[PDB]
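A.B. asks: Protein sequences appear in the order of chains A and B.
For the first sequence, the residue numbers in UniProt numbering are 15 to 49, 108 to 477.
If you count the second sequence from 1, position 11 lands on 807 in UniProt numbering, and the numbers rise without skipping.
The C-beta atom is built at its ideal place from N, Cα and C for all residues, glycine as well.
Here's a structure for you.
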Amino acid sequence: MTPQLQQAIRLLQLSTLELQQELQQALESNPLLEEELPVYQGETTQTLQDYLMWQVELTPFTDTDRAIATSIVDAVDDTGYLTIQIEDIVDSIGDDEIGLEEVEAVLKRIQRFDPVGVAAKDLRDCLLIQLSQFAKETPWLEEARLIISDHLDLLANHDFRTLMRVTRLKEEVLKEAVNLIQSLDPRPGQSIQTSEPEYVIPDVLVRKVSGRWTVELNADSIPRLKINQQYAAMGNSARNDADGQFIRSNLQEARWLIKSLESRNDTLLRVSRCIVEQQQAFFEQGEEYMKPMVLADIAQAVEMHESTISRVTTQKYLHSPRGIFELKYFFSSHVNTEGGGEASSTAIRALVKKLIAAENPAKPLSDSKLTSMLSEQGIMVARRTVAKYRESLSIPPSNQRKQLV
Amino acid sequence: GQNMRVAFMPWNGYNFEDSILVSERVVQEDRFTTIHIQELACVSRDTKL
DNA sequence: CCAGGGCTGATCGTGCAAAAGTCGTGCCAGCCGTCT
C-alpha cells in the first residue's frame, strides 16, 4: 500500500474529464502512446446590438453626435437597459466640454429606435417612453401618466385603495387604468435570441432489452491506454545501460498505469451492476418506487469495502431512458414503515410533489394535514420531515401559495 | 394526369417553342390542383438551467 | 557436472480507523384567522 496504490486511488475518485486531463497530461512525460469546407456553413446572426447599430447609420446625426451614440449603445445590455449611468458616459468620454445634456439629447432619440424603450434609465423611464409613443386618444392616458410619474412606490405594494386619496383619482376607474400599465410589457431588449445551446453529462448507459436492463459503459467516453510494442523490444539491445534503466522505468510505470486504469473500469462496471440488480424497480416504475440503498449494503454485495465504493460513485453519471442521473443520487436515507419495512426518502419526496401538485389550489394544505395524510396511507412520518422535503424542492411557502379562487 | 381538350395552333404567340396556353375553365374546375403537406417539429431541449 | 543454498530484481494486495456531514425529530419562537 505504497505510492503506486496511493496514486491509483485518486485515479477513480475524480470525474472523467479530470481523469482524461491527468491521463493525457501525464502521457507526454513517458513514451506511452494513448491512441463542405473549413467553415461548417457560417452564418452571422444579427442581434439586438447590431440591430441598434443599423438604425444609427440610417439616421442623420453629425460627426460628434455619432460618437456619442456609439458609446451609448455599447452600454446597452441583453436586458435592454443602459448599464451604467447618464453622467457616467459623460465622464467616460474624457472631454469635459461635452455637456451632460448633449448625451441626453442623443439618448432622448436613441430610445425611440426599434423596440421603443430600449436603453431605458432604471426600469421606469421605460414606461414613460413607451407611453408617450402611442396616441393620446387612449382612454386613461392622463391617469396612467400621473401614476407612473411619481406613484410607483405605492403601486409596488400591489395596493390600489391608497392611490385614490393620494393622487385625487376616481372610484376604481383608475384600476382599469392600472391594467393599461400592466400591458405595457417592459424590457423590450429581451426580444433576444433564445439560442441557449444544449447540455450533457454522458458516462455509463442502461438499455432495457428483453426485460432486466443491462448496464454497460460508453464506447467513446472511456479512455483506453495501451503500451507501445515498438519501444518495448528496444530495451534489451540498449548500449550505455543508462538508456536501459530509462526504458525499464518507463515500461514499469506504464504497466502500472495501465492496470490502475483497467482496475477503475472494472470497479465502475461492477458498481453499475449492483445498483441495477437492486433498483430495477426505479428504472421501471419511477422515483415513487425507489428502494433505499446505503454504501454498506453495496459493499456487502460483492467482496467490497465502503471506502472503496465511496470514491467510485463520486461525480459519475448514468444515462437511462428515465433520464440522466448521478450515482450519488441513488443513495439515500430511509424511514420506518408499516410492517417493519423501510421507505426511501425519494419516494416520500415524489409523493409530496404529486400530492402538492394535485391538492386544491383554492385553499392550500398545511404541513400538519400532509403529515396526517401520509400517516393514514401507512408511512408513519413526522411534521419536520415533511417540512424539510417541501423546503428542499424550491418551495419555501406552504400557506402563502394562495391564488384567486 | 387528366384528359384535356388540346389543339395545335399559334394564338398571339402565347404558345411559343415550349409554352402551353391554358384556358380559364381549367382554373374554375380546379383541374390539376394539388395538395402539399409539410411538418414542423419542436423539441424541449433540456439544458443545465 | 549437478543439486543445494544465498542474493537479488520483479511482482503486488483496492483495506482501516479517525474526523466530519446528514437527517429523524423534538423544542421553541414568530405570524395570522377567529371569537371574545
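(1) Kindly examine the ligand COA and report whether one of its heavy atoms sits closer than 7 Å to the Cβ of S444/A.
(2) Taking Cβ-Cβ distances shorter than 7 Å, what residues in chain B pair up with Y271/A?
(3) Do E108/A and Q38/A count as a contact pair if the criterion is CB distance below 8 Å?
(4) Does the contact criterion of 3 or more C-beta pairs under 8 Å hold for the stretch 261-268 of chain A versus the stretch 225-243 of chain A?
(5) Between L199/A and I253/A, which are expected to be in contact by the criterion C-beta below 8 Å, what is the C-beta distance as a whole number of angstroms?
(6) State the start and end residues of the unbroken alpha helix (DSSP H) segment that holds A147/A.
(7) Given that a residue counts as buried once 16 or more other Cβ atoms are within 10 Å of its Cβ, and exposed if not, what is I831/B?
(8) In chain order, what residues of the same chain lie with their CB nearer than 8 Å to the CB of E360/A, ignoring the 5 residues before and after it?
(9) When we look at the beta-carbon of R456/A and count the other beta-carbons within 10 Å, is it buried (16 or more) or exposed?
(10) Just to confirm before moving on: does the CB-CB distance between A147/A and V128/A stay below 8 Å?
(11) Below 8 Å on the Cβ atoms is my contact criterion, and I expect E414/A with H406/A to pass it. Report the Cβ-Cβ distance as a whole number of Å.
(12) Taking just the CA atoms, how far does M800/B sit from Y810/B?
(13) Buried or exposed for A430/A, please, with buried defined as at least 16 other CB atoms from any protein chain shown within 10 angstroms of its CB.
(14) With DSSP run on the structure shown, which of helix, strand or coil describes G395/A?
(15) Could you give the residue range of the alpha helix (DSSP H) that holds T155/A?
(16) Can you find a CB in chain B that lies within less than 8 Å of the CB of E359/A?
(17) Quick one: using the 10 Å Cβ neighbour count with 16 as the cut-off for buried, is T30/A buried or exposed?
(18) On the criterion of 16 or more Cβ atoms from any shown chain inside 10 Å, does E215/A qualify as buried, or is it exposed?
(19) Classify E108/A as helix, strand or coil using the three-state DSSP reduction.
(20) Between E268/A and chain B, is there a C-beta pair that is closer than 8 Å?
(21) Name the DSSP beta bridge partners of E288/A, please?
(22) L390/A bridges to which residues according to DSSP?
(23) Around the C-beta of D275/A, are 16 or more other C-beta atoms found within 10 angstroms, so that it is buried, or is it exposed?
(24) What residue from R336/A, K331/A and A371/A has the CA that sits closest to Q350/A's CA?
(25) Can you tell me where the beta strand (DSSP E) holding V407/A begins and where it ends?
C.D. replies: This is what the structure holds:
(1) As for the ligand COA, it is missing from this structure, which has no ligand bound.
(2) Taking the first residue of the first sequence as position 1, residue 271/A is located at position 199. Those within 7 Å of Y271/A in chain B are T843 and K844.
(3) Reading the first sequence from its first residue, position 24 is the one you call residue 38/A. Reading the first sequence from its first residue, position 36 is the one you call residue 108/A. Contact flag unset, no.
(4) no
(5) As a working mapping, residue 199/A is identified with position 127 in the first sequence. As a working mapping, residue 253/A is identified with position 181 in the first sequence. That belief holds up - the Cβ atoms of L199/A and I253/A are roughly 7 Å apart, short of 8 Å.
(6) Position 75 of the first sequence, counted from the start, is the residue given in the question as residue 147/A. Here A147/A belongs to no alpha helix (DSSP H), and DSSP marks it neither H nor E.
(7) The residue given as residue 831/B occupies position 35 in the second sequence. The residue in question, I831/B, is exposed, as its Cβ has fewer than 16 Cβ neighbours within 10 Å.
(8) By one-based count along the first sequence, residue 360/A stands at place 288. Here the set comprises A419, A422, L423 and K426.
(9) Position 384 of the first sequence, counted from the first residue, corresponds to residue 456/A. That one is exposed.
(10) For this step, residue 147/A is matched to residue 75 along the first sequence. For this step, residue 128/A is matched to residue 56 along the first sequence. In this structure, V128/A does not lie closer than 8 Å to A147/A by Cβ.
(11) Taking the first sequence and counting its residues from 1, the one referred to as residue 414/A is at position 342. Taking the first sequence and counting its residues from 1, the one referred to as residue 406/A is at position 334. Contact flag correct, Cβ pair sits at about 4 Å.
(12) In the second sequence, residue 810/B corresponds to position 14, counting from 1. In the second sequence, residue 800/B corresponds to position 4, counting from 1. Computed Cα separation, rounded: 18 Å.
(13) Here residue 430/A corresponds to residue number 358 of the first sequence, with the count starting at 1. By the 10 Å Cβ count, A430/A comes out exposed.
(14) Residue numbering aside, residue 395/A sits at position 323 when the first sequence is read from its first letter. Reduced to three states, the DSSP call for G395/A is strand.
(15) Position 83 of the first sequence, counting from 1, holds the residue named residue 155/A. Note, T155/A: premise wrong, no alpha helix (DSSP H); not H, not E.
(16) Stepping through the first sequence from its first residue, residue 359/A is reached at position 287. Judged by the 8 Å Cβ criterion, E359/A is not in contact with chain B.
(17) As a first step, residue 30/A must be located in the first sequence, where it is residue number 16. Answer is buried; the Cβ neighbour count reaches 16.
(18) Residue numbering aside, residue 215/A sits at position 143 when the first sequence is read from its first letter. Buried, by the Cβ-count rule.
(19) Residue numbering aside, residue 108/A sits at position 36 when the first sequence is read from its first letter. DSSP places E108/A in coil when its eight states are reduced to three.
(20) Locating residue 268/A in the first sequence gives position 196, counting from the first residue. Chain B contact via Cβ: present.
(21) Locating residue 288/A in the first sequence gives position 216, where the first residue counts as 1. DSSP lists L277/A as partners of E288/A.
(22) Counting from 1 along the first sequence, the entry for residue 390/A is found at position 318. Answer is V276/A and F397/A, bridged to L390/A.
(23) In the first sequence, counting from the first residue as 1, residue 275/A sits at position 203. When all chains shown are included, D275/A counts as buried.
(24) Residue numbering aside, residue 350/A sits at position 278 when the first sequence is read from its first letter. It is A371/A whose Cα lies nearest to the Cα of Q350/A.
(25) The residue labelled residue 407/A in the question sits at position 335 within the first sequence. From DSSP, the beta strand (DSSP E) with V407/A extends over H406 to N408.
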